[PDB]
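fold the following.
(chains A, B and C, ligands or ions: 1)
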Amino acid sequence: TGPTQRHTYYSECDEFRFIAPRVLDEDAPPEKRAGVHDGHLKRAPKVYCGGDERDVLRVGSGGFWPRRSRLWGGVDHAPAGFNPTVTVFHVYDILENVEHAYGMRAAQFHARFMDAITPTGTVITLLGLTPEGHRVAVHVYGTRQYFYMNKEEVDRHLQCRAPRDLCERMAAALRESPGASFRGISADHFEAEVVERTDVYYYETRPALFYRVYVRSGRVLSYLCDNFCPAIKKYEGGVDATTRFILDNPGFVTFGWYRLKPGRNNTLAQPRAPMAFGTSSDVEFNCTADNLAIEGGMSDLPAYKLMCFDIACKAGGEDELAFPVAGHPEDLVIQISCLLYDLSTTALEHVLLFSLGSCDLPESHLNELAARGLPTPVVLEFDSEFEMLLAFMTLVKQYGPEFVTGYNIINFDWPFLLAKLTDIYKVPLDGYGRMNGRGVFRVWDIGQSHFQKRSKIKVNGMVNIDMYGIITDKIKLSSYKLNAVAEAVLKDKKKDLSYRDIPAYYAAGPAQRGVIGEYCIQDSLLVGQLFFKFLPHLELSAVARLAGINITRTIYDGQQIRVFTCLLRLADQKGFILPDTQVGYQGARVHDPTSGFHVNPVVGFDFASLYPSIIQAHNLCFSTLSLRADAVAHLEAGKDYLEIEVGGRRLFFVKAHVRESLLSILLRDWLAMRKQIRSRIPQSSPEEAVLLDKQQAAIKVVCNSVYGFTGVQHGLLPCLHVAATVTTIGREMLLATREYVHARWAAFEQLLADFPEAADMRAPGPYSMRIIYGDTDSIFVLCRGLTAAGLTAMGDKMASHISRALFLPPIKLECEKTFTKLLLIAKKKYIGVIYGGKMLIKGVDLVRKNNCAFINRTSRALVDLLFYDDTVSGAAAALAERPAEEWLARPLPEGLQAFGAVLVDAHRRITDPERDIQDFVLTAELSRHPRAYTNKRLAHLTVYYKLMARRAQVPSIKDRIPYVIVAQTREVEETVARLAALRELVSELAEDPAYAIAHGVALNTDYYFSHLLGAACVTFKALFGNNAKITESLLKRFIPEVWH
DNA sequence: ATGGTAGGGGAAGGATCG
DNA sequence: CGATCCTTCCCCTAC
Ligand SMILES: Cn1cc(C(=O)NCc2ccc(Cl)cc2)c(=O)c2cc(CN3CCOCC3)ccc21
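Residues are numbered from 1 along each chain as shown, chains lettered A, B, ... in the order given. Take a look:
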């Protein structure tokens, strides 16, 4: 009969816009080859492979790429008698769509589904595979969104006193909509129960009557919540139908192994006829939710496919050496490397090269690959950009990669390709996902927006995992160029590339373009290696399984949604309903440290998950809070509730036995689950142990996300009172721990009394025990008069004692570290030597990946000497012997001599050429869209605008920009004045390392030495009563005066 | 659309004091 | 009236 849901992906083509560089035409004179052919053409798209040629949209007998498709434009490319009986199947992503009965009356669906979607019905499509390998999509009918409204509030506001009345008013309001989107919608299209529920906010709140309204269309529910009755609180109206399908059917997950089973009236699932399919899948199914169950024994992934891909493009305009622009039809996409792996076997299965202008890959590359057990690359030759891109999209649709990865493919690759396919070549994308049409293929940028905080890529049925963000979150670097990341993680350096070199390599011919192919394939291989080292798919799938959210929203839609979903589950379970809404509170207090170098033993105590344990112990929650005394005036204070003053206002938190905290329950259950699964790591195969580790990681993530979720003003379900109470309780606890240690163990008598272990630990000097440092949940205590022999093993017992004697469970204080020497520099900045010989650096420019590697190495060597050299340590002790104030006129002790040496060596490396300029590059992140800036006079901003004027690589909206500092010259000052006049010395001397190396520009030698001295001053002011000016002065005594 | 409060220190520019 | 400070913004940390 034909398809029931029109396939919008191109299966036929007879005429297209042809664009291709004239440089590829050899029979043309070497003079008439500069430009780029552009114009309409009327021939069928074709692709060349190995001397043979075939139409791009030709599918069947002989193909160049692998194909996992069945339907292709109303053709059933499946061997007749293909009726695989499906029992179990794995699910990775979930679609939420609308289906009308009038549309589907052609399809021979059962009566049940047509009743489910009679005017319009929401359908939940589970996508995945069978164990055999078949692509499968099961459609779940019956899922209905629903939201609550107070009955006492609605009855009197809308002059109605019955649920059918509410249905009538809703239908009417939807009729007189702006655009008459819903015309003919009537009251019988809605269901309205009356049910007793409780608002989650505040203990005083008592149950009441709410109208529960069931809605079949996300559009209708959205319009209702937006402008139905704005003066009435609406509950859970944002909950999408997928979340309802997950939570209302207990046991279900968003990622895992399901099984078809018999249903309510002995109902069985029904398989769809091929012409009714709506996916690029081999078999599809219709079923209600009771036809589904979970399968337990199943634990391993199925044969999901992962396409890793990178692209490379070239300009076409007057300047072919400038960076391309996808909006200009002259700049084209020259090459696309695309390699497909199997995710269950982490093995590479196919490698493909899409190229404009046929080529032969270099032989060193081919030899390395074929020797590394990898498959033989297959090159696809194209004459135009349209044919190449169409073939790439046809590959995406036919092979149907369930997962897709690359590097910086969110800000460059996908936007470039899709801008080409959309703005220039005019191609619809709604069918090139998993759905045959009407799908999702959008790409979000930041731009001049306020609400958005992250770039996203969402493709239905296609999980995009950009390894860029993965590395940015998991690894700490100064720059994230793919080759730098490769060398830093895998210790495998590979060739760099720039657009400045691409046109030449293209013009020389098929071999110098096969070089470009080699570079793209090497990039893609490196990305694949990173992917399967960090295993982001398993991590994020475990998070999705835990939070009841699909993999896509797991990745790109924030953290608040996960905590919100779990809390929604628990609150609906326990009788609440979440109301829809839409520097806040005092944080922690860092213990004012008395700075300096400490050589006596230091002990480090800290709390295990301080904020979650506070929430657990004190029963903090939305439902246990109250702002009014009369609410808690009927129970005994202290024994039944906790009175506390937070932010100049009294708060009451009813204790556990009155009303149990929802947050406490979530945290306790998550913690017990984490402990259970971690107890299985030993007696488990490493294959299983990787999954177990990802699981426990996800659990810890959500646990640490609880408090943050509570503290997001104007977020979803916010309650800053809880966050401020948590921080205040933590501050109080730290203060109390300090005072207890001070008062109870001032005398060594008591230290011996409680622990008969300080006998074999009494040091020469006098006994003292005083808190020296503290931050949020940490305590560093000085132990003059004790030996650092078993200070760890006795501080363990100490912390256990303090926890037992001071705090309610599950609050726990542990002894983690004991330092031999420690440098208290300033607030939240310190460096120390652990008793185990390992160094510890926090806060200082050392860890701050914004500085140049040279000053980093130098200051490192300095501190290394300060800790791993006995003479300079005794020298610091000598500096301590005296107040340091007199030393502006006194001499520095001999030990410090070493410093001078290293310092002067610095100067050498600064001015002496043949040094690496990359060893001298600064980095800085570009936070916002530059138009929204308050100073507008920043180094990386100068470099940004300069790169923009030079038609260079415009940095993506949130990367790190590298730069260097020029010295003042005639050209520098002249161009400064010229640019100033055009727009109409301070740190304007900032330049791209690239431009400033090929133009032979010289660095500001004075600046880098002055900042080496500044970093030294900042790091070593501690040893001189923390005075900066005095430290700079007496540091001048390590530098020849001809440099001051 | 959907990520918290503390911090220190560097760059840039205005205000202030003798 | 000229350095000295004093504000503000911005980077990236530690919890
Ligand atoms: C790494 N990190 C990120 C955070 C964050 O992103 N908050 C915003 C937010 C908002 C909504 C959601 Cl859903 C999720 C997250 C933190 O808040 C944070 C806090 C601590 C304090 N620690 C923790 C426990 O005991 C006391 C000391 C330590 C590390 C932290």
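
how far away is residue A:911 from DNA strand C?
To DNA strand C, residue A:911 is 26 Å away according to C-beta to the nearest atom of the strand, to the nearest Å. To be clear about C-beta, it is placed using only N, CA and C from the backbone, and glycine gets the same treatment.

tally of neighbours for that residue?
Here the number of neighbours of residue A:911 (other C-beta atoms under 10 Å) works out to 12.

not counting sequence-adjacent ones, nearest residue to it?
In space, and not counting its chain neighbours, residue A:911 is closest to residue A:1005: 5.3 Å by C-beta to C-beta, 6 or more residues apart in numbering.

show me what from the stretch 151-300 of chain A comes close to DNA strand B.
Within the stretch 151-300 of chain A, the positions near DNA strand B by C-beta under 7 Å from any atom of the strand are residue A:238.

how about the strands in the stretch 151-300 of chain A?
With DSSP state E, counting those that start in this stretch as the criterion, the stretch 151-300 of chain A has strands at A:191-199, A:208-215, A:234-235, A:256-260, A:270-271, A:283-288, A:292-294.

now render these as CSV, adding mean neighbour count.
Output for those, formatted as CSV (neighbours: other C-beta atoms under 10 Å):
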stretch, mean neighbour count
strand A:191-199, 15
strand A:208-215, 19
strand A:234-235, 21
strand A:256-260, 18
strand A:270-271, 17
strand A:283-288, 22
strand A:292-294, 17
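
and the strands in the stretch 701-850 of chain A?
Remark: strands assigned in the stretch 701-850 of chain A by DSSP E, counting those that start in this stretch are A:770-773, A:778-782, A:813-826, A:829-834, A:839-842.

so which of those strands comes closest to residue A:597?
strand A:813-826 (5.6 Å; C-beta to C-beta).

wait, does that closest one contact DNA strand B?
Yes - judged by C-beta under 7 Å from any atom of the strand, strand A:813-826 and DNA strand B are in contact via A:825, A:826.

for that strand, packing partners?
Strand A:813-826 sits against strand A:596-598, strand A:602-607, helix A:791-806, strand A:829-834, helix A:853-868, with contacts defined as 3 or more C-beta pairs under 8 Å, 6 or more residues apart in numbering; DSSP states H and E.

most packed of these?
strand A:602-607 (a mean of 23; mean count of other C-beta atoms under 10 Å).

can the helix or strand just after that strand be found next to the ligand?
Of the helices and strands lying after strand A:602-607 in sequence (DSSP states H and E), the nearest is helix A:610-617. Yes - using C-beta under 6 Å from any ligand atom, helix A:610-617 reaches the ligand at A:610, A:611.

tell me which residue of chain A lies closest to the ligand.
residue A:708 (2.5 Å; C-beta to the nearest ligand atom).

ok so, going back, so which of the strands of the stretch 701-850 of chain A comes closest to DNA strand C?
Across the strands of the stretch 701-850 of chain A, DNA strand C has its closest neighbour in strand A:839-842 (3.4 Å, C-beta to the nearest atom of the strand).

what comes up buried for that closest one?
For strand A:839-842, the neighbour count (16 or more other C-beta atoms under 10 Å) marks residue A:841 as buried.

what is it packed up against?
Packing partners of strand A:839-842 (3+ C-beta pairs under 8 Å, 6+ apart): strand A:829-834, helix A:853-868.

so what touches it?
Here strand A:839-842 makes contact (C-beta atoms under 8 Å, 6 or more residues apart in numbering) with A:817, A:819, A:828-834, A:847, A:863-864, A:867.

turn the residues you listed into JSON lines, including distance to residue A:335.
Below are those laid out as JSON lines (distance: C-beta to C-beta, whole Å):
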{"residue": "A:817", "distance to residue A:335": "52"}
{"residue": "A:819", "distance to residue A:335": "55"}
{"residue": "A:828", "distance to residue A:335": "48"}
{"residue": "A:829", "distance to residue A:335": "48"}
{"residue": "A:830", "distance to residue A:335": "51"}
{"residue": "A:831", "distance to residue A:335": "48"}
{"residue": "A:832", "distance to residue A:335": "51"}
{"residue": "A:833", "distance to residue A:335": "52"}
{"residue": "A:834", "distance to residue A:335": "50"}
{"residue": "A:847", "distance to residue A:335": "39"}
{"residue": "A:863", "distance to residue A:335": "47"}
{"residue": "A:864", "distance to residue A:335": "47"}
{"residue": "A:867", "distance to residue A:335": "52"}
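
related to what we said a few turns ago, state the distance from the closest residue to the residue of chain A closest to the ligand other than its chain neighbours to residue A:553.
Nearest non-adjacent residue to residue A:708, counting by C-beta to C-beta, 6+ apart: residue A:559, 7.3 Å away. Using C-beta to C-beta, to the nearest Å, residue A:559 is found at 11 Å from residue A:553.

out of these two, name the residue with the larger neighbour count.
The residue with more neighbours, out of residue A:559 and residue A:553, is residue A:553; 21 against 17, by other C-beta under 10 Å.

so who does the more buried one touch?
residue A:561.

one step back: out of the helices and strands packed on strand A:813-826, flag the one nearest DNA strand B.
Judged by C-beta to the nearest atom of the strand, the one of the helices and strands packed on strand A:813-826 that comes nearest to DNA strand B is strand A:829-834, at 5.5 Å.

format the CA atom coordinates belonging to that closest one as CSV.
What follows is strand A:829-834, C-alpha atoms only, in CSV (Å, rounded to 0.1, in the frame of the first residue of the first chain):
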residue,chain,number,x,y,z
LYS,A,829,46.3,27.7,49.8
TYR,A,830,49.0,25.5,51.3
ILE,A,831,51.8,23.0,50.4
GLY,A,832,53.0,20.1,52.5
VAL,A,833,55.0,16.9,52.6
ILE,A,834,53.0,13.8,53.6
